[PDB]
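What follows is a short report on a single structure.
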Amino acid sequence: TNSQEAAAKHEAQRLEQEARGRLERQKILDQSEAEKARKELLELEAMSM
Amino acid sequence: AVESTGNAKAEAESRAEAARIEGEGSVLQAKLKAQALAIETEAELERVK
């Protein structure tokens, strides 16, 4: 039972790892387009200031 | 880059944009001062003469 538990544990841990890695990459991506819109806002803010 | 350089550029550009105005105003006021000294020293010249 300790063996099967170790298997399910390692598996769920690896899956959560790959998942958090995906969501992390999506975070960096969303930060990228947000950086784009922020850049345009910096342009309009530049001309306005 | 565009934000910071745009800000400093707009700021210094505002500085020069003002300085040219007080400069030209200094020119016209220099002209009025020239006329003032002109007629003043001229009328005063009759007195000393």
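FYI, nothing fancy with the structure tokens labels: chains A, B, ... in order, residues from 1 per chain, ligands from 1 as they appear.
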Next on the checklist: Only residues of chain B matter here; which ones have an atom within 9 Å of chain A, counting only C-alpha atoms? Give them as a list in words.
Outcome noted: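 Here is what falls inside 9 Å: residues 2, 3, 4, 6, 7, 10 and 11 of chain B.
Separating CA of residue 34 (chain B) from CA of residue 15 (chain B) is a distance of 27.8 Å.
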